[PDB]
Amino acid sequence: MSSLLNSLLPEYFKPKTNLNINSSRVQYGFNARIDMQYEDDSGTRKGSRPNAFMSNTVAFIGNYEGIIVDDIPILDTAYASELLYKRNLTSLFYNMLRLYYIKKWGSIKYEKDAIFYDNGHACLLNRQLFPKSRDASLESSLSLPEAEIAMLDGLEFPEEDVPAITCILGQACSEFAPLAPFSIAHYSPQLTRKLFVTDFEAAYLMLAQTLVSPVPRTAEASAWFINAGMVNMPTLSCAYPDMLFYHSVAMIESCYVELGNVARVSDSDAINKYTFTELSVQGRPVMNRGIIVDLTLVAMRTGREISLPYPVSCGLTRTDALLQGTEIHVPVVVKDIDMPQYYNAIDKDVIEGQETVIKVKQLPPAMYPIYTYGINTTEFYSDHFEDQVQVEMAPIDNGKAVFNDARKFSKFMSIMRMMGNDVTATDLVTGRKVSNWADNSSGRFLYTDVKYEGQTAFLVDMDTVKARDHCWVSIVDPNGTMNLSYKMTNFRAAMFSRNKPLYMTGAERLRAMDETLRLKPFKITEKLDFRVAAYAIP
Amino acid sequence: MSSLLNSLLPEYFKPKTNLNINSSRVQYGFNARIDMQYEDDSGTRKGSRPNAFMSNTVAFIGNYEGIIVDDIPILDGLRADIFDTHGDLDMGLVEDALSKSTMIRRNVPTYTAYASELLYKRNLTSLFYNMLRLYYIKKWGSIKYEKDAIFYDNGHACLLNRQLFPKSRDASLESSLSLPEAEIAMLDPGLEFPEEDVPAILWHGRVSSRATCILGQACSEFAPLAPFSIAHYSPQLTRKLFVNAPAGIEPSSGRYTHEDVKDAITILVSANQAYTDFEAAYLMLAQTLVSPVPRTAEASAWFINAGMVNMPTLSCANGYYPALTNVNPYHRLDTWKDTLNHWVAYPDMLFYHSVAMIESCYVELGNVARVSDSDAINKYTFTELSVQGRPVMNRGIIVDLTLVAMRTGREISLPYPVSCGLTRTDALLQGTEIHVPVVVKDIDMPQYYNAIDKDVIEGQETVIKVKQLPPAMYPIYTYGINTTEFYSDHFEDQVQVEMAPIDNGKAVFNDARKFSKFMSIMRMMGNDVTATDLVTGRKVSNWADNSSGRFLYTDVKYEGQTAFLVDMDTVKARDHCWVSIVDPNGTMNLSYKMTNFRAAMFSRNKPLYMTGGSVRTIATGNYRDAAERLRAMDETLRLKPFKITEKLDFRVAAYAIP
């Protein structure tokens with residue numbers, strides 16, 4: 001559905017036809033201009049950040065598995081009556097589209113002993129997260145066999161379990177058995193053995209989910225991509241190409257941003273992680289799985305009613321790591337000796353080179369809003385164009401300021417980050433050090449960087465406030481009530497690949513509203529807690 | 001359907017009966033008067049071509065291959081009593097009808113049991129199709145096909161008949177086929193149980209000595225030597241054919257003329273009551289009679305791989321049940337005999353109906369190939385939304401009739417949703433590169449064409465890579481009835497190229513639309529312009545055709561960014577009856593006007609004239625008013641007298657009327 005996914009892109013950005021991708025990693029963002037204005041009891045200070053780059057990172061690596069399931073027929077004598085109620089060519093077009101992009105971008109290298117995430121304290125290699133893998137190019141990954149394409153001559157009885165519609169059709173129907181973990185070369189079962197000689201729209205949306213996978217914002221956000229997500233491919237029965245990259249990035253961003261909020265919803269409300277899809281959908285699908293889950297999250301993001309002609313339930317299901325009451329064991333590598341102080345590690349004493357495991361209870365946000373920046377602003381992300389943040393500074397006793405409240409602590413470290421001051425605080429309950437400079441790519445502070453669900457009080461170190469990036473606005477000693485008023489203008493999209501700039505080249509409405517799928521949006525209603533999110537009907 | 005194919009012909013076109021075709025190539029078109037004008041700051045330069053010939057070359061060659069498929073039964077012909085209110089064979093009235101007939105009493109119970117299967121075997125389209133091809137093979141039998149002949153030539157690239165059609169020996173159309181005869185046995189009325197998988201037909205009186213030879217050859221394999229359009233490959237329809245004729249079948253004569261095939265068809269349709277079957281066969285042949293010679297060298301991608309013809313299996317069970325066919329048949333539409341009556345009167349009119357259909361299709365497939373897949377009505381799903389019936393499979397005539405509906409902009413209605421004939425949209429739906437062979441003439445070829453080699457000596461066999469399919473025909477019969485801005489087939493048109501004196505003749509066209517109109521109108525004025533793309537570095541020439549004399553944007557042979565540098569001091573006068581651009585300064589304004597239209601046809605570089613009587617628009621009413629009249633003049637020989645009258649001379653006699 002082109003017109004749907006085309007709407008998600010920002011109004012200022014209009015991409016060109018061709019895009020020569022020559023790597024397994026692409027940064028995308030914008031170069032904005034920030035005009036900050038500071039006021040406190042000491043006096044006033046005015047500055048301006050001339051060029052600030054806010055970006056996510058997306059890759060072509062994601063462990064997926066295919067299952068053949070029975071879905072609804074797309075309707076767009078004895079034998080005909082049995083066959084017409086199972087007609088679906090979506091699975092055939094899906095494989096034909098994957099073969100197109102394997103040949104086009106068939107020079108992408110996957111190295112086994114490469115980095116996946118790297119902050120400075122911890123590190124994840126591609127040996128971990130993807131065992132049973134070797135070093136191979138994308139063209140060298142698959143060695144597809146060929147199914148028998150026979151000619152249908154007068155034959156009176158249709159042979160059962162064979163559809164009726166050379167090298168491309170032969171390989172499209174065959175089994176996919178990859179060596180390197182690639183997004184568009186994932187394991188798929190055999191469609192058919194023989195093949196005698198709106199369905200495309202389903203396959204187009206189904207590939208937009210799979211094509212690219214997010215590189216995690218922090219080390220804790222690797223918990224999403226441990227367990228292999230299942231791709232529901234329908235059973236095969238019948239009786240501007242490069243623009244897909246931008247539509248795919250737009251879709252997976254919208255899903256992984258909104259799951260950041262759904263994860264924080266308490267399991268004692270009307271709309272919760274279990275019963276959010278069922279309340280949203282207003283059709284009759286086979287099961288609330290695949291695309292229905294993803295398009296529900298896009299509706300919640302944009303805040304508009306999305307509509308498909310047929311209630312199709314085919315594609316990747318992401319909400320698997322979310323729907324289980326168990327802490328997830330992310331395997332990590334120790335780079336600095338002081339790692340156990342920051343991350344919730346099993347072994348409290350470690351050495352540089354040791355392979356340990358960290359515990360993740362609540363799933364943090366995997367991506368920050370970039371394309372969907374300021375279309376609807378929540379208090380959690382605080383992705384405003386114009387905003388006036390007001391916070392009251394705690395009394396500095398010796399060289400330490402106690403922040404008992406949770407909301408005030410979030411606003412304080414959010415200001416000091418925009419000014420460009422690397423502040424480090426100690427959580428009193430756990431006894432672990434939090435830092436506002438957690439993510440370098442996106443220049444903002446989320447409350448999930450604390451890495452402790454529940455209630456606590458923070459002891460901020462005001463003496464050891466380092467000066468990483470200093471504009472004229474930037475001050476070290478706050479006094480009384482802190483007011484910061486910033487304005488964002490002059491947005492321009494920029495893409496980076498392999499640490500260099502990647503440039504773009506080239507009569508009556510018979511309603512019939514009974515069978516059609518409709519997805520209703522939910523609006524976030526902020527409340528006093530700030531740690532908990534809550535949904536309501538608009 | 002004679003009616004819908006008749007409306008496609010232009011208003012000025014007044015056709016006659018006979019057309020004496022004596023070659024395998026015809027240039028149909030029209031003569032128009034073009035009043036061109038070139039306005040500039042210096043002054044205006046007027047021109048006028050009184051006879052401007054816009055033509056589309058059409059040949060009698062084209063690779064096709066027949067396959068026998070299963071299609072719906074056509075129920076028009078059977079008596080109206082056995083049918084129910086809804087319109088399906090109510091079995092129970094069939095048993096009643098067979099009982100009250102002149103049938104053998106011991107056969108009634110065994111024949112009634114078989115009726116459930118055999119009565120739904122009614123499709124004679126395959127037989128009529130082959131018998132129509134035999135008519136035209138014997139009529140236009142003297143046309144020749146040479147092996148080492150020029151299929152296409154534009155000066156730069158040449159394409160021979162050896163390249164497209166291998167396994168091809170040079171021979172005349174008459175000497176191409178050597179048809180073996182199938183057995184025509186006589187049906188014994190006292191047969192115990194009907195033999196299914198063997199069709200039995202009806203006949204009026206005695207099967208003549210020549211009718212045996214025609215039916216024998218019609219139900220046989222076509223194995224041609226030369227690749228002719230009306231003598232393409234067809235499988236064996238049947239091995240044996242029963243004929244329920246009480247008067248015995250005479251043995252095969254061996255020889256027959258084209259007039260004897262018309263005699264065979266008229267008896268077969270009348271006896272079997274199969275007029276809707278003939279209408280299907282008429283539309284099938286209309287597609288696959290003539291194929292278009294490609295407009296450009298790179299427009300040969302349509303005719304590389306052989307397009308499959310869908311011939312429905314020969315199945316008829318009228319011979320076993322003579323009682324069920326009578327003088328009161330069941331028919332859906334009242335105008336169900338119009339297609340046969342038109343063919344019997346004017347056989348040669350099919351040539352004009354054929355070119356009208358292929359010109360309508362290949363024009364629309366031109367501007368269908370230039371739409372992105374990400375759209376509602378696109379390459380794959382343009383047939384499904386248009387069709388409002390229940391055909392078995394969207395192929396054959398359904399795909400060709402829906403393209404005609406888009407061209408004319410009207411609603412086409414058929415009585416039965418039959419899916420038989422040629423399927424054209426084959427190379428389009430594949431959506432891959434096609435490798436057309438070419439023999440080079442000049443040495444500077446691969447700058448213009450997207451060739452595989454960059455340096456090629458003259459007389460070398462190379463390959464051109466065609467990605468997007470260019471239009472194979474230009475609209476001529478459908479000129480300015482449903483106009484689009486791509487073809488730009490207007491009566492009046494103008495273009496404004498804006499230049500300043502500071503620029504020394506050099507103009508850059510940022511817009512793609514007005515670049516197309518400038519290059520096209522300059523060719524009417526007889527000027528050889530050669531533009532060069534600034535981004536890529538390729539070259540395009542407006543002189544890329546010798547038939548229509550227009551420039552379509554698909555002649556660039558590349559989709560990219562638009563920056564065409566045209567140097568206006570290298571413009572060369574090529575043709576006669578031309579306006580001169582000696583040295584332009586300031587803003588240029590080109591314009592033309594087409595005023596009158598006269599139908600013209602060419603063959604062997606000579607005028608081909610239409611002869612015979614004046615063709616009329618035959619209606620159902622025009623014959624049945626003479627049936628209403630009946631010639632009701634009582635057939636009584638009333639002789640009236642003449643009174644002799646005497647005058648001055650008296651030697652000579654003079655008779656008066658009263």
# chains A, B, ... in the order shown; residues from 1 in each chain; ligands from 1
call {"tool": "residues_around", "arguments": {"residues": "residue 382 of chain A", "least_positions_apart": "3", "cutoff": "12 Å", "atoms": "only C-alpha atoms", "output": "PyMOL selection string"}}
result
chain A and resi 368-369+373-379+385-389+410-411+414-415+443-447
call {"tool": "write_last_selection", "arguments": {"atoms": "N, CA, C and O atoms", "output": "tab-separated table (two decimals), in the first residue's frame"}}
result
chain	number	residue	atom	x	y	z
A	368	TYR	N	14.54	6.06	18.28
A	368	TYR	CA	14.01	7.41	18.61
A	368	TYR	C	13.25	7.95	17.39
A	368	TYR	O	13.62	7.63	16.26
A	369	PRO	N	12.17	8.75	17.56
A	369	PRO	CA	11.47	9.35	16.42
A	369	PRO	C	12.36	10.32	15.62
A	369	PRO	O	12.92	11.22	16.22
A	373	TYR	N	8.86	12.87	13.75
A	373	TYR	CA	9.30	13.86	14.77
A	373	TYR	C	8.33	15.04	14.78
A	373	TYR	O	8.36	15.86	13.84
A	374	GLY	N	7.48	15.12	15.82
A	374	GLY	CA	6.60	16.27	16.09
A	374	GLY	C	5.24	16.17	15.41
A	374	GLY	O	4.52	17.19	15.41
A	375	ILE	N	4.88	15.01	14.85
A	375	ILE	CA	3.53	14.75	14.25
A	375	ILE	C	2.51	14.57	15.38
A	375	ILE	O	1.35	14.99	15.19
A	376	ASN	N	2.92	13.97	16.50
A	376	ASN	CA	2.19	13.97	17.80
A	376	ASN	C	3.20	13.73	18.92
A	376	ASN	O	3.85	12.66	18.92
A	377	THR	N	3.34	14.69	19.84
A	377	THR	CA	4.42	14.74	20.86
A	377	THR	C	3.90	14.19	22.20
A	377	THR	O	2.92	14.75	22.73
A	378	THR	N	4.54	13.12	22.70
A	378	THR	CA	4.35	12.57	24.07
A	378	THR	C	5.39	13.19	25.01
A	378	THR	O	6.43	13.65	24.52
A	379	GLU	N	5.09	13.19	26.31
A	379	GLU	CA	5.96	13.76	27.38
A	379	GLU	C	7.22	12.90	27.57
A	379	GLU	O	8.25	13.47	27.97
A	385	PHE	N	9.08	20.90	18.65
A	385	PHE	CA	9.80	21.94	17.87
A	385	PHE	C	10.14	23.11	18.80
A	385	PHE	O	11.30	23.56	18.80
A	386	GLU	N	9.14	23.58	19.57
A	386	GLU	CA	9.25	24.66	20.58
A	386	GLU	C	8.76	24.13	21.93
A	386	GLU	O	7.66	23.52	21.95
A	387	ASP	N	9.52	24.34	23.01
A	387	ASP	CA	9.18	23.88	24.38
A	387	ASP	C	9.91	24.73	25.42
A	387	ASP	O	11.08	25.08	25.17
A	388	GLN	N	9.24	25.03	26.54
A	388	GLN	CA	9.78	25.78	27.71
A	388	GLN	C	9.83	24.84	28.92
A	388	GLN	O	8.78	24.67	29.58
A	389	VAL	N	11.00	24.24	29.18
A	389	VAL	CA	11.23	23.31	30.33
A	389	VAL	C	11.54	24.15	31.57
A	389	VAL	O	12.46	25.00	31.49
A	410	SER	N	14.22	13.87	35.39
A	410	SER	CA	14.15	13.71	33.91
A	410	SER	C	14.33	15.06	33.22
A	410	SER	O	15.08	15.11	32.22
A	411	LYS	N	13.67	16.11	33.72
A	411	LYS	CA	13.72	17.50	33.17
A	411	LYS	C	15.12	18.10	33.37
A	411	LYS	O	15.58	18.80	32.45
A	414	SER	N	17.75	16.44	31.07
A	414	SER	CA	17.32	16.80	29.69
A	414	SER	C	17.84	18.20	29.33
A	414	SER	O	18.29	18.37	28.18
A	415	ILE	N	17.78	19.16	30.26
A	415	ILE	CA	18.32	20.54	30.10
A	415	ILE	C	19.85	20.46	29.94
A	415	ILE	O	20.36	20.97	28.92
A	443	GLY	N	20.55	12.93	20.12
A	443	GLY	CA	21.03	13.84	21.18
A	443	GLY	C	19.94	14.19	22.17
A	443	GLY	O	19.64	15.40	22.31
A	444	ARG	N	19.36	13.19	22.84
A	444	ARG	CA	18.26	13.35	23.84
A	444	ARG	C	18.40	12.29	24.95
A	444	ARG	O	19.08	11.27	24.72
A	445	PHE	N	17.76	12.55	26.09
A	445	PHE	CA	17.75	11.69	27.30
A	445	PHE	C	16.34	11.13	27.54
A	445	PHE	O	15.41	11.94	27.73
A	446	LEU	N	16.20	9.80	27.51
A	446	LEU	CA	14.98	9.06	27.93
A	446	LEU	C	15.19	8.52	29.34
A	446	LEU	O	16.35	8.24	29.70
A	447	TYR	N	14.10	8.37	30.11
A	447	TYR	CA	14.11	7.94	31.54
A	447	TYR	C	14.49	6.45	31.65
A	447	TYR	O	14.95	6.04	32.74
call {"tool": "closest_atom_pairs", "arguments": {"of": "chain B", "to": "chain A", "cutoff": "8 Å", "atoms": "only C-alpha atoms", "output": "JSON lines"}}
result
{"residue": "B:67", "atom": "CA", "partner": "A:153", "partner_atom": "CA", "distance": 7.4}
{"residue": "B:68", "atom": "CA", "partner": "A:154", "partner_atom": "CA", "distance": 6.7}
{"residue": "B:69", "atom": "CA", "partner": "A:154", "partner_atom": "CA", "distance": 5.7}
{"residue": "B:70", "atom": "CA", "partner": "A:154", "partner_atom": "CA", "distance": 5.6}
{"residue": "B:313", "atom": "CA", "partner": "A:154", "partner_atom": "CA", "distance": 7.2}
{"residue": "B:372", "atom": "CA", "partner": "A:240", "partner_atom": "CA", "distance": 7.3}
{"residue": "B:374", "atom": "CA", "partner": "A:2", "partner_atom": "CA", "distance": 6.5}
{"residue": "B:384", "atom": "CA", "partner": "A:76", "partner_atom": "CA", "distance": 7.5}
{"residue": "B:560", "atom": "CA", "partner": "A:506", "partner_atom": "CA", "distance": 6.4}
{"residue": "B:561", "atom": "CA", "partner": "A:506", "partner_atom": "CA", "distance": 6.7}
call {"tool": "closest_residue", "arguments": {"among": "A:330, A:58, A:142, A:519", "to": "residue 129 of chain A", "atoms": "only C-alpha atoms"}}
result
A:330
call {"tool": "closest_residue", "arguments": {"among": "A:96, A:205, A:136, A:332", "to": "residue 121 of chain A", "atoms": "only C-alpha atoms"}}
result
A:332
call {"tool": "atom_distance", "arguments": {"atom1": "atom CA of residue 130 of chain A", "atom2": "atom CA of residue 449 of chain A"}}
result
25.7 Å
call {"tool": "residues_around", "arguments": {"residues": "residue 313 of chain A", "least_positions_apart": "6", "cutoff": "8 Å", "atoms": "only C-alpha atoms", "output": "CSV table (one decimal) with N, CA and C atoms, in the first residue's frame"}}
result
chain,number,residue,atom,x,y,z
A,71,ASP,N,-4.9,-18.9,5.1
A,71,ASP,CA,-5.5,-17.5,5.3
A,71,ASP,C,-6.7,-17.4,4.4
A,232,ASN,N,4.5,-15.4,8.8
A,232,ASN,CA,3.4,-16.2,8.3
A,232,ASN,C,3.2,-16.0,6.8
A,285,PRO,N,-10.7,-11.0,10.8
A,285,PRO,CA,-9.5,-11.8,10.3
A,285,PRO,C,-9.5,-13.2,10.9
A,286,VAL,N,-8.7,-14.1,10.4
A,286,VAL,CA,-8.5,-15.5,11.0
A,286,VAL,C,-7.9,-15.4,12.4
A,287,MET,N,-6.9,-14.5,12.6
A,287,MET,CA,-6.1,-14.4,13.8
A,287,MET,C,-5.4,-13.0,13.8
A,288,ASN,N,-5.4,-12.3,15.0
A,288,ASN,CA,-4.7,-11.0,15.2
A,288,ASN,C,-3.2,-11.3,15.2
A,289,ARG,N,-2.6,-11.4,14.0
A,289,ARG,CA,-1.2,-11.7,13.9
A,289,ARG,C,-0.6,-11.0,12.6
A,290,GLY,N,0.7,-11.0,12.5
A,290,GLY,CA,1.4,-10.5,11.3
A,290,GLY,C,1.2,-9.0,11.0
A,291,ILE,N,0.6,-8.6,9.9
A,291,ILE,CA,0.5,-7.2,9.5
A,291,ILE,C,-0.5,-6.4,10.3
A,292,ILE,N,-1.6,-7.1,10.8
A,292,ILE,CA,-2.7,-6.4,11.7
A,292,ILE,C,-2.1,-5.8,12.9
call {"tool": "atom_distance", "arguments": {"atom1": "atom CA of residue 20 of chain A", "atom2": "atom CA of residue 102 of chain A"}}
result
13.7 Å
call {"tool": "atom_distance", "arguments": {"atom1": "atom CA of residue 157 of chain B", "atom2": "atom CA of residue 433 of chain B"}}
result
19.1 Å
call {"tool": "closest_residue", "arguments": {"among": "A:362, A:421, A:137, A:516", "to": "residue 284 of chain A", "atoms": "only C-alpha atoms"}}
result
A:516
call {"tool": "select_by_dssp", "arguments": {"residues": "segment 78-264 of chain B", "states": "helix (DSSP H, G or I)", "output": "PyMOL selection string"}}
result
chain B and resi 93-99+108-118+125-139+161-164+209-218+258-264
call {"tool": "write_last_selection", "arguments": {"atoms": "N, CA and C atoms", "output": "compact mmCIF listing (two decimals), in the first residue's frame"}}
result
# COMPACT_ATOMS: atom_id res chain seq x y z
N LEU B 93 -37.75 -32.62 -19.51
CA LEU B 93 -38.35 -32.12 -20.78
C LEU B 93 -37.58 -32.70 -21.98
N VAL B 94 -36.28 -32.99 -21.81
CA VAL B 94 -35.41 -33.65 -22.83
C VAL B 94 -35.92 -35.08 -23.06
N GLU B 95 -36.15 -35.84 -21.98
CA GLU B 95 -36.69 -37.23 -22.01
C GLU B 95 -38.09 -37.23 -22.63
N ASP B 96 -38.89 -36.19 -22.35
CA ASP B 96 -40.26 -35.99 -22.90
C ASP B 96 -40.17 -35.73 -24.42
N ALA B 97 -39.22 -34.89 -24.85
CA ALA B 97 -39.02 -34.48 -26.26
C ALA B 97 -38.54 -35.66 -27.11
N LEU B 98 -37.59 -36.45 -26.59
CA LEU B 98 -37.01 -37.65 -27.28
C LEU B 98 -38.08 -38.74 -27.45
N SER B 99 -38.96 -38.92 -26.45
CA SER B 99 -40.06 -39.92 -26.44
C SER B 99 -41.06 -39.62 -27.56
N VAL B 108 -34.17 -45.08 -26.78
CA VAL B 108 -34.67 -43.96 -25.92
C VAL B 108 -34.07 -44.05 -24.51
N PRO B 109 -34.19 -45.18 -23.78
CA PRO B 109 -33.69 -45.26 -22.40
C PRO B 109 -32.16 -45.09 -22.26
N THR B 110 -31.38 -45.67 -23.18
CA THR B 110 -29.89 -45.67 -23.16
C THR B 110 -29.36 -44.29 -23.60
N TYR B 111 -30.00 -43.63 -24.57
CA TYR B 111 -29.60 -42.29 -25.10
C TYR B 111 -29.89 -41.20 -24.05
N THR B 112 -31.02 -41.30 -23.34
CA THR B 112 -31.47 -40.32 -22.30
C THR B 112 -30.45 -40.26 -21.15
N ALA B 113 -29.88 -41.41 -20.76
CA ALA B 113 -28.86 -41.54 -19.69
C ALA B 113 -27.60 -40.75 -20.06
N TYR B 114 -27.17 -40.81 -21.33
CA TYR B 114 -25.96 -40.13 -21.88
C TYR B 114 -26.19 -38.62 -22.00
N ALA B 115 -27.44 -38.17 -22.17
CA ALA B 115 -27.83 -36.77 -22.44
C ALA B 115 -27.17 -35.81 -21.44
N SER B 116 -27.09 -36.20 -20.16
CA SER B 116 -26.52 -35.40 -19.04
C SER B 116 -25.10 -34.90 -19.36
N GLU B 117 -24.30 -35.71 -20.07
CA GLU B 117 -22.89 -35.38 -20.45
C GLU B 117 -22.85 -34.74 -21.85
N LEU B 118 -23.52 -35.35 -22.84
CA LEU B 118 -23.30 -35.07 -24.29
C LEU B 118 -23.94 -33.74 -24.73
N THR B 125 -16.49 -23.59 -32.74
CA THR B 125 -15.64 -22.40 -33.03
C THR B 125 -14.36 -22.82 -33.75
N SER B 126 -13.76 -23.94 -33.35
CA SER B 126 -12.47 -24.48 -33.88
C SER B 126 -12.63 -24.88 -35.36
N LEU B 127 -13.77 -25.46 -35.73
CA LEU B 127 -14.05 -25.95 -37.11
C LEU B 127 -14.24 -24.76 -38.05
N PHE B 128 -15.09 -23.80 -37.68
CA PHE B 128 -15.39 -22.56 -38.46
C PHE B 128 -14.11 -21.74 -38.65
N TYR B 129 -13.25 -21.68 -37.63
CA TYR B 129 -11.95 -20.94 -37.63
C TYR B 129 -11.05 -21.49 -38.75
N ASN B 130 -10.88 -22.82 -38.81
CA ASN B 130 -10.02 -23.52 -39.80
C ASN B 130 -10.61 -23.38 -41.21
N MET B 131 -11.94 -23.48 -41.35
CA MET B 131 -12.65 -23.38 -42.65
C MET B 131 -12.56 -21.95 -43.20
N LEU B 132 -12.56 -20.93 -42.34
CA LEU B 132 -12.35 -19.51 -42.73
C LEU B 132 -10.92 -19.30 -43.25
N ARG B 133 -9.93 -19.95 -42.64
CA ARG B 133 -8.50 -19.85 -43.04
C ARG B 133 -8.29 -20.48 -44.42
N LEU B 134 -8.98 -21.59 -44.72
CA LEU B 134 -8.92 -22.29 -46.03
C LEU B 134 -9.49 -21.40 -47.15
N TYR B 135 -10.51 -20.58 -46.84
CA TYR B 135 -11.15 -19.62 -47.79
C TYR B 135 -10.11 -18.60 -48.28
N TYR B 136 -9.34 -18.02 -47.36
CA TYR B 136 -8.39 -16.90 -47.62
C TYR B 136 -7.05 -17.43 -48.17
N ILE B 137 -6.67 -18.67 -47.84
CA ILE B 137 -5.46 -19.35 -48.39
C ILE B 137 -5.63 -19.52 -49.91
N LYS B 138 -6.81 -19.95 -50.36
CA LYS B 138 -7.11 -20.23 -51.79
C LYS B 138 -7.40 -18.92 -52.55
N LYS B 139 -7.90 -17.88 -51.87
CA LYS B 139 -8.22 -16.57 -52.49
C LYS B 139 -6.93 -15.79 -52.76
N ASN B 161 14.47 -11.27 -42.29
CA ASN B 161 13.45 -12.31 -42.01
C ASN B 161 14.13 -13.59 -41.49
N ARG B 162 15.40 -13.82 -41.86
CA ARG B 162 16.23 -14.97 -41.39
C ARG B 162 16.43 -14.88 -39.86
N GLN B 163 16.53 -13.66 -39.32
CA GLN B 163 16.85 -13.39 -37.89
C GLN B 163 15.68 -13.82 -37.00
N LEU B 164 14.46 -13.34 -37.30
CA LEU B 164 13.25 -13.54 -36.47
C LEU B 164 12.68 -14.95 -36.67
N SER B 209 -19.20 -33.80 -53.19
CA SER B 209 -17.85 -34.39 -53.41
C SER B 209 -16.76 -33.44 -52.88
N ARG B 210 -16.99 -32.13 -52.95
CA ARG B 210 -16.03 -31.07 -52.54
C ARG B 210 -16.14 -30.77 -51.04
N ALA B 211 -17.35 -30.87 -50.46
CA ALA B 211 -17.63 -30.64 -49.02
C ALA B 211 -16.85 -31.65 -48.16
N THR B 212 -16.70 -32.89 -48.64
CA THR B 212 -15.91 -33.98 -47.99
C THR B 212 -14.44 -33.56 -47.88
N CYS B 213 -13.87 -33.02 -48.97
CA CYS B 213 -12.45 -32.59 -49.08
C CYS B 213 -12.17 -31.40 -48.15
N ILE B 214 -13.13 -30.48 -47.99
CA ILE B 214 -13.01 -29.25 -47.16
C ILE B 214 -13.05 -29.63 -45.67
N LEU B 215 -14.07 -30.39 -45.25
CA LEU B 215 -14.25 -30.87 -43.85
C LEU B 215 -13.08 -31.78 -43.44
N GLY B 216 -12.58 -32.59 -44.38
CA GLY B 216 -11.42 -33.48 -44.18
C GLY B 216 -10.15 -32.70 -43.83
N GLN B 217 -9.91 -31.58 -44.52
CA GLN B 217 -8.69 -30.74 -44.37
C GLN B 217 -8.83 -29.77 -43.18
N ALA B 218 -10.05 -29.34 -42.86
CA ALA B 218 -10.36 -28.41 -41.75
C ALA B 218 -10.04 -29.07 -40.40
N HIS B 258 -12.25 -21.39 -53.78
CA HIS B 258 -12.57 -20.60 -52.56
C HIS B 258 -14.09 -20.41 -52.42
N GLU B 259 -14.84 -20.44 -53.54
CA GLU B 259 -16.32 -20.29 -53.57
C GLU B 259 -16.99 -21.53 -52.95
N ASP B 260 -16.36 -22.71 -53.05
CA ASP B 260 -16.90 -24.00 -52.55
C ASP B 260 -16.81 -24.06 -51.02
N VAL B 261 -15.90 -23.30 -50.41
CA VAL B 261 -15.71 -23.23 -48.92
C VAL B 261 -16.86 -22.40 -48.32
N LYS B 262 -17.30 -21.33 -49.00
CA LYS B 262 -18.47 -20.50 -48.62
C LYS B 262 -19.74 -21.36 -48.63
N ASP B 263 -19.87 -22.25 -49.62
CA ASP B 263 -21.00 -23.21 -49.77
C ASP B 263 -21.04 -24.16 -48.56
N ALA B 264 -19.87 -24.65 -48.13
CA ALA B 264 -19.71 -25.61 -47.01
C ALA B 264 -20.09 -24.96 -45.67
